[PDB]
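Have a look below at one chain only, the form deposited in one PDB entry, in structure tokens format.
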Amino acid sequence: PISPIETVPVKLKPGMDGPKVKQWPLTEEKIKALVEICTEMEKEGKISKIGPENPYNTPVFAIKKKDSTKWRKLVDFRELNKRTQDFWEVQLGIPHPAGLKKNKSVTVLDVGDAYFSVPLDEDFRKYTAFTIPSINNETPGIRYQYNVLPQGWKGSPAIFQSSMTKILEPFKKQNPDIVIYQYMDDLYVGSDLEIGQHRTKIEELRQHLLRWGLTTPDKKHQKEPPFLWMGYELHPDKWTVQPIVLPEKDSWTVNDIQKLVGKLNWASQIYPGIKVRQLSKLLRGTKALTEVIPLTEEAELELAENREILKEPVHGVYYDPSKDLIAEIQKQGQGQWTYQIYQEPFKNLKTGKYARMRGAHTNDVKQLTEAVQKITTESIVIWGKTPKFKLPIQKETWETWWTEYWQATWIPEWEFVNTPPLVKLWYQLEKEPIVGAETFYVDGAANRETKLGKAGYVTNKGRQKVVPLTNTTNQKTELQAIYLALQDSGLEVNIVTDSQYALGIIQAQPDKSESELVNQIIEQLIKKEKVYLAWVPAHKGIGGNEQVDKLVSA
């Protein structure tokens, strides 16, 4: 009683043994309902009757209802998974429909009990062992162990795909014209053939599979226009996502959050900005699946933020290789960026929004530039090619930043588009000084001991100033000083500093920033005509820094 498919060998993590966890007693009818489901699996050949000669174990719990409203089983493989070797579970993501073509016909098979049909390495089966808790504590618990790929297990997903590809390969060679896509219980079959010769090939595949032990039930899509594949709804002309709904509750368990974590991972691979960070942090402690864990302020907000993203439906058209790919981008407030990738004018394939913290101090076109890349890469993933870009910035405006910036930069084949939110360089620092303009020899310092410090100018015309600051640092003081120079000065001013740190932050021409002070300076700059920021060293014979940067500074 064994399946023809060859079994992928599985070893544990080196130097690590298997799971030896105690089985926690459930209710009387929960226990009786477990035997009912397991007595089924022994006959089905999925598990085997095991004795006390086996040292390992794993927890067995039972959820109530979700599929056809009756009892279901659940095994806690958390420990085993940590002890189980790693796999190449990385597939470089999940596919995207705008990366699909127009297949005259299409059919989707649901691989039913796919996991429970692919076999497990005899040399591992002993680790997937589970003892059923006894109701009448006179009778010892009946031990079992999986013979086939367990539902909760780590390798199960990777292995199955592997098994599948191997089973799928022969048909795919005999039919290089047919597109066959797979992920979990889903199996997409598209074609060039007409319904007569298509429904045929489907039966040939459903038969090929049958031979290998895999089954596809009566309820297959049978070529119905709306196709449910990977949480999407594939309509003959366009595709929309299937609405993602999350559980709403006040009392949460380890299981249900594990679930929520899983379901959120699905979604992230569809929706941008979805985090699991805070919620998953609550999971870290090895608490039994049913013990109630309280959400943090972090987790609760995370829940709301995610649910918010999902409260935003997504759709689109399919890909036509014959035509060029165009991606257009737009600027928005708060560092929010939006993009639409299309083939025909208002028929978008994919739309998204970029938001990324490129440090404390940031420039605008530095963000745009980061956007192109995020898209480029991502479109290469989806289509095998880079798009023609439609960018809202003059050709002369970009030309001036790559020749002005110190870091190397490049943006592919791009065209200018006129949409209201335009990006530019608000200001431009001079390369050489201005004639006769007031030259502020600036300075600022502070002691960690006092936490306080001084800051202010001393010009060529004689003018001075100084201000004592409360809660500041040796560097933040050096910044505050340049602001002083900037404000108390004529529209055309020259400035001088000993802080390399500071000289750069301005040199980098920021649009906005995190720390208010910089923001303040930006304002000044945008308002000024010709500014010139120079630089000279600190504690030696420097002009102003001899008189301002004088010792015992307070």
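Residues carry their position along the shown sequence, with the first being 1.
For the pair 170-178 and 149-157, the mean Cα B-factor is higher in 170-178. 376-384 and 248-256 differ in mean CA B-factor, and the higher of the two is recorded for 248-256.
The top Cα temperature factor in the record, among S268, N103, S162, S134, falls on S134. Highest CA B-factor among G190, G456, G213, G93, as stated in the entry: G93.
When the modelled residues of the chain are ordered by C-alpha B-factor, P537 sits in the middle third. Ranked against the other modelled residues of its chain, the C-alpha B-factor of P412 as given in the entry falls in the middle third. In the PDB entry, a CA B factor belonging to the highest third of its chain's modelled residues is recorded for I63. Split the chain's modelled residues into thirds by C-alpha temperature factor. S553 is in the highest one. In the PDB entry, a CA B factor belonging to the middle third of its chain's modelled residues is recorded for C38.
This protein has a second form, the form deposited with a small molecule bound, left out of what is shown; the following refers to that one.
With the partner left out here, the small molecule still marks one of 440-448, 287-295, 121-129, 300-308 in the entry with it bound; by a 4.5 Å heavy atom cut-off that stretch is 440-448. Of the residues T27, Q500, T39, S48, just one reaches the small molecule in the entry with it bound with a heavy atom at 4.5 Å or closer; this is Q500. When contacts are judged by a 4.5 Å heavy atom cut-off, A538 counts as touching the small molecule in the entry with it bound.
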